[PDB]
Every structure is written in structure tokens, then in C-alpha cells.
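# Structural features, examined
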Amino acid sequence: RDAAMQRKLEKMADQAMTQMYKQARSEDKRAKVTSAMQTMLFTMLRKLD
Amino acid sequence: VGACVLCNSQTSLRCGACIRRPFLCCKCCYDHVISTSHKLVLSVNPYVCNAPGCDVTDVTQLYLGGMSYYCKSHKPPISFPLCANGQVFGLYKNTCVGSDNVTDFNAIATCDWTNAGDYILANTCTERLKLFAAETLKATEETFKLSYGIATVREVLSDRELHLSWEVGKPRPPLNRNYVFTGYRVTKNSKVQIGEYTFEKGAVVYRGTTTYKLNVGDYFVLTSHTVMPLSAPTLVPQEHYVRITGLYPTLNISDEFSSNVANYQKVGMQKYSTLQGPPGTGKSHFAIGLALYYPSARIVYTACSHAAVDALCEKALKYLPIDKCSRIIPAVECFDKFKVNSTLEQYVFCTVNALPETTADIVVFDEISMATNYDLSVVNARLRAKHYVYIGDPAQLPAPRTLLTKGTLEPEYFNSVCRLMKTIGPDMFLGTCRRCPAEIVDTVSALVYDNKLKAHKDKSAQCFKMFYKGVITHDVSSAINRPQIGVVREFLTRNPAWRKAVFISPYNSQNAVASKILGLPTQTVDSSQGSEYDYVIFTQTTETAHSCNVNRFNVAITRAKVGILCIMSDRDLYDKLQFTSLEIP
Amino acid sequence: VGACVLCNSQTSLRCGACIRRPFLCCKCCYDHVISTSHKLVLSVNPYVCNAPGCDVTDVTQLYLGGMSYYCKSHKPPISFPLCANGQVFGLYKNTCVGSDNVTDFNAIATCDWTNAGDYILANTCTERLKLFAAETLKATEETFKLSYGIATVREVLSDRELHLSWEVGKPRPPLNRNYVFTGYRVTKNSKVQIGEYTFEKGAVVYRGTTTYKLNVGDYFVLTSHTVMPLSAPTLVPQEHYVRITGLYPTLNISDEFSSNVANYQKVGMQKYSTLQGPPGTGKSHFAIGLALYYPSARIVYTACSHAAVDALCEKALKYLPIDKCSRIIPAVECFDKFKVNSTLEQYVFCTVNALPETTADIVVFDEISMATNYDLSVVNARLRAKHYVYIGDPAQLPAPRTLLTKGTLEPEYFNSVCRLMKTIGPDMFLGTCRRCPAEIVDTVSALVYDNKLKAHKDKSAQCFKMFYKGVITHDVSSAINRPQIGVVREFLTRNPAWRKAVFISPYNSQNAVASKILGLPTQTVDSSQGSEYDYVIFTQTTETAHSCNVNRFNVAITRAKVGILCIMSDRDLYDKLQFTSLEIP
Amino acid sequence: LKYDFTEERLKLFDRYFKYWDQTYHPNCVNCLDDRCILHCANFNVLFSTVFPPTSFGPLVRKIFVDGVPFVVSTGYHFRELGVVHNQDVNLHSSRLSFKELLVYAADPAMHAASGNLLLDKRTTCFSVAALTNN
Ligand SMILES: [Zn+2]
Ligand SMILES: [Zn+2]
Ligand SMILES: [Zn+2]
Ligand SMILES: [Zn+2]
Ligand SMILES: [Zn+2]
Ligand SMILES: [Zn+2]
Ligand SMILES: [Zn+2]
């Protein structure tokens, strides 16, 4: 139990790290699409008024 | 997710309990959390026990329980301390170098911005360190201003006079123009659109910008904004080139800018040049003369306030072709002789609060003393120029530091630009004091100016002091000197030609007492820069560190170009000033 | 996915850090990585640790977990070390032979192309590795050419003269046409369509091709292209036949081709045949002979430049029927007396860089010296010619190597065909020098020609040599010999008939000063070939290996067909030169 | 611009179907349950073929947001359900969330109201606009 359980703590830490990496990337993609949509709205509204 | 402030390695840990939540790397954030009281850190998710009805917030008391962070009493049988191995849990654990010295950032983070030592740390710390320090200072100041009471107007006396009631539980802000109110007109739905105001004792006297008719129920507060994170450093790296890069030299000269051109060669050749400009040596002309020196090159006229930018616009109407000028003001009354919101213009005039992100050839940053490291770096954030010019002087008025309680901030540590020109020195100088007579120039030259600013015309013998004592009984945020108020009028009684001298006062409320007894206009010492008059009278009032600082007063004495009156209670400076002291009735 | 260079066994590993990223044989790839600094390998998918936020590119540390490749600290428990058994995992590992000695390839791939030893290694090796070395040197020099600063023009002085600035932090290319620039006109959207220019000292002088008006803001770059992987060998296998293969012998003969036909049967008697072509011996007329010696032969006129095919086109408008000629020029002004872009034609005239992939009865390769192993094999890729002729000489000007710094590369080691020309000898020889007199042919024959070239008409005694010392002064990309500039005018005054002679110069900027003093036209030694003049003069300027080594001078001396002037400041060839020596004025 | 046609439908019902003794709601948003929605959509189907087909569709409105006027759908006008009005509309909005950005980037009002007219003779279906030039 001094070299077996510690070989599962590493796997748990690594999977948690990967999951939070993925969540951060999801948030970043959200930021880019928000910016793109707002600028498309603001550039297409100027042609009509 | 970003790069950490200290180590620049990418990180996902932001100190939650800290004021501005800067990015911190794994070992870096661990050092911060173990060396501060900040025990909340925010990763891509906040580090708190997610189990219902829990309040544990410290990073060391929470362990990785499944897909959440759990404390000792909330964990499942499997667990993992996220505060282990001397490195807090966070992204890029392997790619983390840490910081050998973390005590400086801990001190700046737990800093309460109370004494002078905090500003010493802010100036002495590195680039990102001082940028974060300025951001924290501004955030703390803007949060503190809203922490004061509400200025509810409950009854209307007359024009320029009101009665003001305040919210319970929090104190009252001072009664000067340093802090600007912003009221809103309360309706059945919400409150909106009154304007910026300044209050003073009357009964209270209110100072509004536009015409208004204030009624009952309207209140004013020290409205704050949202301080955005900063990117650029205070100053670009220095680079002395071989020649004047990218600029085409002038064909023929103008005599009044002949001495100005001599200092323009190195400026057009080197990246940035700090300017040692004493009050009124032609600094506004100096920025104007660059356009005469280089008409094609576009110049950005920027200062901390539009009233200071007005000085650049004051000389733009007579010397600069208006068709190529532009003043930028967002949606306050000021100069608008140019076209507003014209980015692609040859000449652009604006204030640090509204200049768009563009590029230019050479910058003119008027009044570098007033702005801190915050606005110092914001110009490099907006605009990266090929050359830079910083109009101002460390031997001038700093900003009013409201949280500065213990100690007075030294002239060098006002900001990054103010530091280096008493270590390496200025790159150009103007010794032509176009206003002050021989009495004032030689006095201020031997004070901080290294006997380097020389007299202009003659010893007018129109500047006087008086070896006086003074008596002060103070109030919430001012001080008044009854004997000195009685001295000035008595001195004006039999020499009436002095009745055109504008009375100066460090505490503007004191002259309001004088303006009732006498009637002559008022001068604010902290805001006397830019304005000047032939005849001005001044009472020194208090000898404390607020009034008789050798350099904070130095602007007031330089207001006069022919003569001044000053009644000195102080002796530290009166023994030095070479003016004439007359009898005491 | 192809076969590796050394082993020709199919593989899928590509050397990542290597210049052109060659296909690497698996164990052979392991040899390449362990014996070089190229530690990066890419299969169909790249061998880089795919775990997020990693940096490692060295293959050795990479291990195989599941369907991906992992460094030591990134693996799952199940792994498979790719760097095992001295054999990196890759396609076709067992159908692998490896190479006992790869250090030749290791030095070729780790080559910066600095010394003549680099070209020695490139030329001395075999087909595949020599092709790889040629491609790598081409790509590497093309990479350095754009690594230099940009040629921006900020002021327009006058016609054929400009004021130009350059990018900071990157150097400036030389001041000759050796590297022709290519600027494009910059607009609000992008930069397009100015043209190819050459810049020389004037203030600079631009020598554009077509008429143009260059304004401010237009900047010129050394445009680069993408070198593509060559396939064919530089020379097809040699095979000596028993009869005239594929061609019908001519009925009647021409006296001007009497000396041509005697060497023509052996041209068609074998696959490829080499030439000993001295300057001005009718090599272009030799090439024209095959058309008259075989009317039905579809021959293709090829050379390193359109101006060299122009020489073949020069003799095509006279003897060749214009009804069967075609000049191919890619979409530069040159000869266009034929119809353009006509692959299906008998007589084809094109440069080695633009002729499409066809088949030829017999090829003529003009000026084989400057065509390196790159364009030596380019033609075989386009055409599998039934017969091959190499018009040119190793004892003639090669291409100027901008990367060769130390050591002078041997005349034999230019390429494959010139190498065999010094070992097995040339198959042909033209024994008449149709321009140079006895004073020049006899001297150049004893230099590198094995005393094989004999005089044509007479010893005109119009070629003169002078003994002198001089003091050299050099600039960024030139060197001017002032005493020789004083001498040249001094020599020409006492005989006015000598002013019709053109001035030749190694560093053309030296003659640019001479052209200001005298006004005689200019010549560049490196490109003086193809053009000859009856009266022409020369100044040696420098005795270094750049100018007056034995073979690079042979073109300049052979320019004159009656008499030449050259003042030897050296003594290596002055003693050997059989010219007339006169008194130094 | 007239889009109501609520009085015309009742006039038609009173002229042709006077003695159909079951309440007919010109707009179905007043209906009591599903069967009444059927019974009124049946009549609106017939009565909507008389009025012009250029008045049906969304009923947009100029809305001010952060000091800028938009054009966003604030209702609808079906042939089978009458006029339906949006309930949560907020003119003079301050800032847009992500939900607002989604619901404003999918509405055809902003798209069509800023495109060139299109008259397509290849089809009989009622064309509206062209977002492009070719
Ligand atoms: Zn903190
Ligand atoms: Zn760090
Ligand atoms: Zn808990
Ligand atoms: Zn390699
Ligand atoms: Zn191999
Ligand atoms: Zn890795
Ligand atoms: Zn109904």
C-alpha cells in the first residue's frame, strides 16, 4: 500500500488535470465565438439604418 | 488562463483573496498562499469545498475528492491534498519555475497602501510588479471612494448653495475639487443623468459644470469605474540609433524654436527622451515646435486631463493648421475647436482616458508628473510610437494620494518616468523661464533645479515675504488662519495697487473665508499648474507637510511673472527665499 | 511515404530538424538522429508527445502508449519504447537494410555550406546524396537571401537614382546585379507588381528592366521560391551504340560544318557526349550544326538563362527555318522571334527553368558551367532525350556561390559532367578560336587548356600587359584601385583610337567610378560571356582569388578578338601571360 | 404597413358564416384549449388567402441598445394563428448576454433588413431578399 495506492493517486490527479484543461479550452472557444458574433452584428447593422 | 506575473510561465491559478486576482504559477502561487493571508485561489474553478453547507475557503484544508475539492470532514475514502509537495494544484505543474524572491509580491499584495513605504515598494519593484501595484492602487482607491456616504440634497437654499444630508455608517469625503461627485436624478423607475459635481462648505456650496436646477431628493456619489488590466510597460526599452529614423529634416527654421530644434535632433534620433521642464519654459511651445520641426510626422498631444491638453490646444489654434488637428472627447466641456472623433488625423489631441489605440511618429505626454505608472503605461498600451517625448517635471505637483497617510512621496518615486531623470538625468532642458522674474527663478534654481534655470529679465522687486507666525484652528478637511487673513487685507488697505492679485491658498476653504471678507478670486495650489497671473497673493497658512513642501509650493511661487505676496509662517523655506520682508503692523 | 535516400527501402520516417526533411529508413533514421543534431522525426503522424502543454521533440525519449507517442513523464503504465533495439519504430522495419556508414549523410545534413569542403562532399558522393545536397544548398541560400534587410526607397532624387533605407537588425545584400531584387507596389490592401531591379551605388542607382516610375513607400525584396524535390539523375547511363541510333544521316555537307560533322557521328553514336568548348569557337554554331546535320531531328535549345539561349536564338534566325522554331518564356524581355508556348514544335528554345516535360531527339545544353547539379538533373526530369550534348566547359565561369566563404572550389568539382571532363576527357573539341588572335589563344591554351587551343589568324600585337603595385581601398560590396584609375586615362590619351574600347571590371562599382572619369561602357566579368568586343580593356584591381584566379580571368581575356588591355597588378599570371609590357607612366 | 386585419376577419365571418354559433377568435392567443385552437385556425386558414402576402411574417421593431438602434423581431403574424406578440421585450437594453447574442444572430430580421432586394423569376415562391451580390 506504499507503492500501490500511490500508483492510483497519480492516475486520478492526471485525469483531473486533463478534464480541467478541456474545460478551460471550452471556455476560451466560447470567448472567441462571442467576440465574432458581436462584431458580425455590429458590422452588419451599419449598412441598413 | 495566462502567464504568471512573477515567472511569466503560463498558469491557471489566480489569487482569489487578492485584490486584482493576478495570474500565479504553481510554485509561485504556492509561495504567495504560504507567505500571505490570501488563502483563496481561483483556478478554472474556484477552490472551495463544493459539498452543500460548507464554508472552508483555505487552500490547505481542501483535498481532491472525486471531481470536486473536499475538506477533511467532507472527503470520500479516496483523497489527495491539493496543497502538497510545496506546489498548489494547477495547470502546467511541470512547466513551472517558481520565484526565488516572493516576499516583494506578498508585501505588495497584502499592502494596504497606507504609508510612504508602500509607494517606495511600488517604484522599486519591477515592471509587471509596479504595473500590478498601480492597478491595485487605483482599484483600492475607486472602491474606497464608493465606500463613503451618499450626498443627499434634502432642501434647496438658493443659487450655488444647498443643504446636504449624508448616509449613516460611513464618513464624509473632503470638500475640495480633488474628488469629483456624480449625481443621478431619481425617478419612479431609476436614477440617471444629473452630472459631475464638487461640494464645499457654505450650508454647502456646490460646484457644477453645466447649468442645472437642483431639487429635493437628488443625491451625489463618488462614482467609480471598472479598472481594466494593463498590458504595456511604463516605458519602451531605450535604443540610441545612428540618425533621425523615419523623419525628414526641416528646410528652414523659426527663431522662437531655434533653441527648440537643437534639442529636437537627439529626440528624433533616440527612442524616448524625458523632459526637464520647469513651469512655463515653453514646454507647450516645445511640443508645438516639433510639428514646425516635422510637419509631416503625426504627433499625439496627451495629458492626464483635458485642461492640461488644452495647453497643447491653446497653441494649436495659432501655430498648427486646424484642418489637420483633432480633439477626442467621449460621449465635460472643454476645447472643441477641432473635429471630434477623427482618428486618422495628422494632429490628434486627447486625454489619457479616451485616446484610441493607434500609432504615431512621436508622442508628447504633457504633465508626466500628474499621471502615475497606471496612465504612464496606458499610452504604450494605446499607441506604440517610433519616438517619445514626456513633457513635465518631477519637480512639479504629484497626484493627490488619498490613501497616503504616513510620509510624503518623494519626487523621484512618483512614477517610472519620474525616477530616472534624477539618476541618469534629463536628455534636454529649457533654461528660458518665460514668466518668473529674477527674484523667483534664482530662488527655485538653487532649490531643486541645480542652479540651472536662469533669470529672464530683471529683479522686479515686486515679490515679498513676511516673517510671520500665524494661528490655525482646523475643521474636518481644512484649516484657516485668522491672523493671516487679517494681515493680507491690512497690507492691501494702504497699497491698493495690490487689489488685482489673486489670493492663493493650499486649503481652498481658507480663501473662501478670505473671499467673503475680501472678494478676490481663489487659487487651488494642487491645481494652479498651467494658470498664471502677474499679481498674486498667498498666505502660507500651515507649516505642516501638507502645505510647505518645497516642491508642492514651488508651483504657486512660479505663478507670478512680475510679483507675488507670501506671508510665511514657515521658517524652513523662509530662510532660503530671497524676497523682501517688510514691517508687521 | 517513399523510399529512403541511402537505402531505397520503403519507409515513412522523415527527418524533422533536417533541412529538406528526407525520407528516413528506420534503422538508417536512427543512425541519422544519433549521429546528427536532427532529433525530430515525423511519420504519417508526427512523433511528438501529444499530451497537452509539452515541448519535447527528441525521438529517443518518446515512448508508445496505445495509439500515440509519449515522453517519459507523460506515459500511461502500458508503454512501448519507440527508441529501442537501435531501431526507431517505423513503416517497413524488417524490409530494411540500413547503412554501415552514414556519417557522409550526417555531414551533408549538418552542413551550413561554408567551406569548399562542403561542395567537395556534395560532388564526391553518389546520385541520391548529391541531389539532396544540391537541394539543401539551394533552399538554404534561398532562406538566407530573404534573411537580409528590405530595400525601401524613401526619397526620389532623379532618373535612375534613388535614396534607399533598410530594415533594422538585418544586414544589407551586395551592390551588384548578382542578386536581382523584386519589389511590388504597396497599396492600402497589399503590395503588388513593381518588378525585378538591381541596386548599385550612385544615393543609389536602380537598374530596372522595363520603364517605371518609382515613388516613396515602394520597397524591394529578394523574392524566394520553393525548391521542389528533384527526381532524375544529372546524367543518364552511358551506352556506346554500334550504329547511328534514331537519326538519318545527311546527304550533302556545308564547308562551315565540315569541322562539325567530323565530330557529329560520335554525338549520335552514343547516349551522351561531352564538349571541350573554348570561348568564341562556334559552340552555338556547333549546336546549330546538328539541325543542318539532321533536318528531321527535334532538338531543344537549353541554357541557364534566356540571354544564353538568345545566343542559340541568335544563330537560329539565320540558318534555322523560322517556320519550325519556338521560344518558351514564362509569364522579362528577350528574343521572341519565334512563337511562344508551343510544346509541339521541332526547334524549341527555352531556359532550363521553364521548358515543360517532353521528349527530345537530341538535346543541346548551352553553358554547362554555371548550371550546377540542380539544373543538371532538372533537364533529365523534363526530357528523356534520346541523345545528349553538353555545350560548355569546366574551364568557364561557374555560378557565383553566395554561401562559399573559405577555400576556392575546384574547376572540376562544379558538377558531374564537368568532373568527368577532367578524368576521362571531353569527347569533342573545336580547334579554331573564331575571335581571339594568336596573342590570346596561345596564352590561354597553356593555362588550363593543356596547350590544345591553337591560333586562328595572326599575332596582332595589340594585347598589352603592365607591371604595377597599386593600393586598394574597399567598401561594402566593392573595391576600387585608384592608381589603376589614374593609369587607365593616362594610357589612353596618347592614342585617340583606343577610346572605342570597353572597360572590363571585376568589381563593377570600381568601373562605375571609372565610367564617371572616362565614360567608356561597363562590363561585368562574371557575366561577360556571350558578349565579345574587338577593342576591350581591363584593370586587374585585386590579385585575390575572387578576381584573377586562373579560370575566372580566361573569359575576360578572351573577350577581345584583336587586342586587349589589362594592367597586371599581380604576378601569378603576369609572368605566364605572353603579352607586351610597356613603361609605366 | 397595415398588418392587423382583425376587423376584416370578423366582418367576413359575419357576412358568410353569421349563424355558426361557436365563438370565433380572430387571434388564437385568446383560445381556451387545443380544440378551440383547431376551430379558429381552420377559419383563419380560409380568411388569410384574401389579404396580401407581403404583410405576413415577423413584425420587427426598432430597438435601442447601448445607444444604437437595432431591428429585432417582436412578434409574428401567421396565416393560421393570427397575431402573436412577444411578452418579454426590453427596449433600451444596456448589454447583451450570450443568450441575447444567440437569439439576435438567428433572427432573419437583421439579416434581410440589410440586404439587396431580389426578384426571382425562376420560382413562384415568394422571394424576400439577397444577402450577397451574386
Ligand atoms: Zn494575493
Ligand atoms: Zn510564478
Ligand atoms: Zn466541506
Ligand atoms: Zn536530417
Ligand atoms: Zn535507410
Ligand atoms: Zn510529454
Ligand atoms: Zn378560439
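As drawn, each chain counts its residues from 1 in written sequence order, possibly unlike the entry's numbers, and residues without coordinates are not displayed. For this description, chains carry letters from A and ligands carry numbers from 1, given in the order in which they are written. Taken together, the chains in view make up part of a larger assembly, and the values describe this part alone. To obtain the side-chain values, all non-hydrogen atoms of the structure were included, while hydrogens and water were left out. Residues with missing side-chain atoms are left out of burial classes, side-chain pairs and their counts.

Structure determination for this entry is recorded as cryo-EM, at 3.31 Å resolution.

### Observations concerning the overall build of chain B
Spelled out, the test is: Counting from the N terminus, the helices are the DSSP runs of H or I reaching at least four residues and the strands are the DSSP runs of E reaching at least two.
Helices and strands together make up the secondary structure of chain B, namely 14 helices and 31 strands. Its C-alpha atoms give chain B principal-axis dimensions of about 95 × 65 × 50 Å.

### Some details on the packing of helix α4 (residues 127-147) of chain C against helix α10 (residues 373-382) of chain C
Residues and elements named next belong to chain C. Worth spelling out the cut-off: Only the stretch in contact is used when a helix axis is fitted, and all axes are lines through C-alpha atoms; the angle between N-to-C directions ranges over 0 to 180 degrees. In this scheme the handedness of a crossing depends on how the near helix is turned from the far one: anticlockwise by less than a right angle means left-handed, clockwise means right-handed. In what follows, a contact means two residues having at least one pair of non-hydrogen atoms within 4.5 Å. When residue character is reported, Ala, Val, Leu, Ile, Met, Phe, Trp, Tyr, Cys and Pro are called nonpolar, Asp, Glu, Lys and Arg charged, and the others, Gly included, polar.
Packing of α4 against α10 leaves a shortest axis separation of 9 Å and a crossing angle of 115 degrees. Considering only the axes of α4 and α10, their crossing is left-handed. For the pair formed by α4 and α10, the contact residues are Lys130, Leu131, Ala134 and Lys138 on the first element and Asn373, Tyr374 and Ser377 on the second. Of the residues that constitute the contact of α4 with α10, the class distribution is three nonpolar, two polar and two charged.

### Thoughts on the coordination of the zinc ion (ligand 1)
Residues and elements named next belong to chain B. Definition in use: For Na, K and Ca the donor cutoff is 3.2 Å, while for all other metals N, O and S atoms must lie within 2.8 Å; water is not among the atoms, so some sites may look incomplete. In these descriptions, tetrahedral denotes four donors with every angle between 85 and 135 degrees, square planar four donors and octahedral six donors with opposite donors over 155 degrees apart and the rest between 65 and 115, and irregular any other case. To sort residues, take the accessible area from a 1.4 Å probe on protein chains only and compare it with the maximum for the residue type: under 20% means buried, over 50% means exposed, and anything in between is partly exposed.
At this site the zinc ion (ligand 1) is bound by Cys15 (SG), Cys18 (SG), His32 (NE2) and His38 (ND1), with donor distances of 2.1 to 2.3 Å. Around the zinc ion (ligand 1), the four donor atoms are arranged such that angles at the metal cover 86 to 148 degrees; this shape is classified as irregular. Read N to C, the donor residues that coordinate the zinc ion (ligand 1) are spaced as C-x2-C-x13-H-x5-H. Placement of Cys18 in the loop between β3 (13-15) and β4 (23-24) and of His38 in the loop between α1 (26-35) and β5 (41-42) is noted, with a sequence separation of 20 residues between them. Classification of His38 as buried rests on a relative accessible area of 10%.

### Notes on the packing of aromatic side chains
Operational definition: Side-chain rings of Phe, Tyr and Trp, where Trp is taken by its six-membered ring, are said to pair if the distance between their centres is within 6.5 Å; with planes under 30 degrees apart they count as stacked, over 60 as edge-to-face, and otherwise as tilted.
Considering all chains together, one arrives at 60 aromatic pairs over all chains under this definition. Where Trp113 of chain C meets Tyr119 of chain C, the ring centres are 6.0 Å apart and the plane angle is 55 degrees; that geometry is what we call tilted. When its relative accessible area of 9% is taken as the criterion, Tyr119 of chain C is described as buried. Aromatic pair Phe43 of chain D and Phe47 of chain D: ring centres 6.3 Å apart, planes at 20 degrees, arrangement stacked.

### A look at the pattern of salt bridges
Put simply, the test is: Every case where a carboxyl oxygen of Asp or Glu lies within 4 Å of a side-chain nitrogen of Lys or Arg is listed as a salt bridge.
The full count for this structure, using the stated rule, is 19 salt bridges over all chains. Between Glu167 of chain B and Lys170 of chain B there is a salt bridge, and its shortest N-O distance comes to 2.3 Å. Accessibility expressed as a relative area gives 26% for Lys170 of chain B, which makes it partly exposed. Across the pair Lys339 of chain C and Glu345 of chain C runs a salt bridge, and its minimum N-O distance is 2.6 Å. Classification of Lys339 of chain C as partly exposed rests on a relative accessible area of 36%. Under the relative-accessibility criterion, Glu345 of chain C is labelled buried at 16%. Taken together, the shared-partner salt bridges in this structure form one network comprising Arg25, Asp28 and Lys32 of chain A.

### Details of the sheet that holds strand β29 (residues 560-568) of chain C
All names here are of chain C. Test applied: Here the rule is simple: two strands pair whenever DSSP picks up at least two bridges between them.
Strand order across the open sheet formed by six strands is β27-β26-β28-β29-β23-β30, with parallel pairing between neighbours. Lying at the two open borders of the sheet, with one neighbouring strand each, are β27 (522-524) and β30 (580-581). Here helix α13 (residues 482-492) sits on the sheet and contacts β23 (464-467), β26 (502-505), β28 (533-539) and β29; the angle it forms with β29, its principal contact strand, is near 135 degrees.

### Looking at the interface of chain A and chain B
Accessible area lost on assembly of the parts is the figure often given for the size of an interface. Between chain A and chain B, the residue contacts involve 13 residues of the former and 14 residues of the latter. Taken together, the residues that form the side of chain A that touches chain B break down as eight nonpolar, three polar and two charged.

### A word on the nonpolar core
Residue and element names in this part refer to chain C. Worth spelling out the cut-off: In this description, a nonpolar core means a group of buried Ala, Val, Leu, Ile, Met, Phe, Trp, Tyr and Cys residues linked to one another through side-chain atoms lying within 4.5 Å.
Ranked by size, the top nonpolar core spans 59 residues in total, and within it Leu383 and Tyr390 carry the most contacts. With four residues, the single largest contributor to this core is α4. Those residues in contact with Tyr390 that sit more than four places away from it in its chain are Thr234, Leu235, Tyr272, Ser273, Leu275, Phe365, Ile368, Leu376, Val417 and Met421.

### Regarding the interface of chain D and chain A
What counts here: Buried area adds together the accessible area that both of two parts lose upon being put together, with accessible area traced by a 1.4 Å probe. Two N or O atoms count as a polar contact when they lie within 3.5 Å, although within protein this holds only if one can serve as hydrogen donor and the other as acceptor, and sequence-adjacent residues are included solely when both atoms are side-chain atoms.
Contacts between the two partners involve 15 residues from chain D, matched on the other side by 13 residues from chain A. When residues of chain D are sorted by the area they lose upon contact with chain A, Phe98, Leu101 and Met110 of chain D head the list and together hold 40% of the total. There are zero salt bridges connecting chain D and chain A. Where chain D touches chain A, the interface holds zero residue pairs in polar contact. Mapped onto the side of chain D that touches chain A, the elements with two or more residues apiece are β2 (68-73), α3 (98-105) and α4 (108-112) of chain D. By residue number, the principal contributor to the side of chain D that touches chain A is α3 of chain D, which donates five residues. In terms of residue class, the side of chain D that touches chain A is made up of eleven nonpolar, two polar and two charged.

### Some words on the pairing of strand β29 (residues 533-539) of chain B
Where strand β27 (residues 502-505) of chain B and β29 of chain B come together, three bridges link them in parallel fashion. Along β29 of chain B, the bridge assignment pairs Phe503 of chain B with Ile537 of chain B.

### Brief notes about the coordination of the zinc ion (ligand 3)
Residue and element names in this part refer to chain B. Protein coordination at the zinc ion (ligand 3): the donors are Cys49 (SG), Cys54 (SG), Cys71 (SG) and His74 (ND1), at 2.1 to 2.3 Å from the metal. Here the zinc ion (ligand 3) binds four donor atoms, and the angle range of 98 to 125 degrees at the metal identifies the geometry as tetrahedral. For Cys54, a relative accessible area of 26% translates into the label partly exposed.

### As for helix α8 (residues 306-314) of chain C
All names here are of chain C. The condition is simple: Think of the arc as the fan of directions from the helix axis to the C-beta atoms.
Looking at α8, one finds that the buried residues are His306, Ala308, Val309, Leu312 and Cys313. Buried residues of α8, seen end-on, are gathered within an arc of 160 degrees and therefore sit on one face of the element. Among the structural elements, α7 (283-293), β18 (299-303), α9 (316-319), β19 (325-328), β20 (347-351) and β21 (362-366) are those in contact with the buried residues of α8.

### Details of the sheet that holds β3 of chain B
Residues and elements named next belong to chain B. Strand order in the open sheet made by the three strands is β4-β3-β5, with antiparallel pairing throughout. In this open sheet, the two edge strands, each paired with only one partner strand, are β4 and β5. Relative to β5, β3 is paired through two bridges, and the arrangement is antiparallel. Bridging across to β5, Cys15 finds its partner in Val41.

### A look at the domain arrangement of chain B
All names here are of chain B. Filter applied, for reference: Note that the domain bounds reflect an automated or database-derived domain assignment.
In terms of domain boundaries, chain B breaks down into domain 1 (255-429) and domain 2 (440-581). Put simply, the middle of domain 1 and the middle of domain 2, counted by C-alpha atoms, are 28 Å apart. Counting residues at the interface gives 13 residues for domain 1, matched by 15 residues for domain 2. When domain 1 packs against domain 2, close to 1100 Å² is buried across both sides, 62% of that on carbon and sulfur atoms. The tally of links between domain 1 and domain 2 comes to three residue pairs in polar contact.

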